[PDB]
Amino acid sequence: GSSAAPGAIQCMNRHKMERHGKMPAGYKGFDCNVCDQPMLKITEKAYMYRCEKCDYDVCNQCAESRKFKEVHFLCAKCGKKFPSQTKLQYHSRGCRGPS
Ligand SMILES: [Cl-]
Ligand SMILES: [Zn+2]
Ligand SMILES: [Zn+2]
Ligand SMILES: [Zn+2]
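Under the working numbering, the letters of the sequence shown match residues 53 to 151, in that order.
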C-alpha cells in the first residue's frame, strides 16, 4: 500500500522507497538500477534507496535528483515495470497475474 506523490522519492511502480544508510552483514551490493554505478559499500557519501516489493535499488545521487531509467520493461501479466530485461525475466517466471 504505497503511492508516491508526483516527484517524490519513488520506484518505477510509484511506491515510496526506503533509505538504507547502514550495511547488513553478507551485503553483496548492487549496480544502481538507473546509472549502473557499482555500490559495494554503504557510506555517508554513497548510500542507497530500495523498493523491496519491486527489487529496485538506486544510488543516493539518482534517487535525490529524481533520475529515471530511459528504458522500461513491463510484465504483460500484471503491468509491473522493471529497469532491465533480466529483472523482468526473473519476475515473469513466477508471475501468472496480479497478486
Ligand atoms: Cl505511469
Ligand atoms: Zn545511480
Ligand atoms: Zn516499488
Ligand atoms: Zn507480472
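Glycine included, every Cβ here is placed at the ideal spot set by N, Cα and C.
query	result
Secondary structure at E116, three-state DSSP: helix, strand or coil?	helix
Should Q62 go down as buried or exposed, given a rule of 16 or more other Cβ atoms within 10 Å for buried?	buried
Rounding to the nearest angstrom, what Cα-Cα distance links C103 and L126 in this structure?	17 Å
Could you work out which residue in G59, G53, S55 and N85 is closest to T138 when comparing CA atoms only?	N85
With which residues is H72 paired in a DSSP beta bridge?	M100
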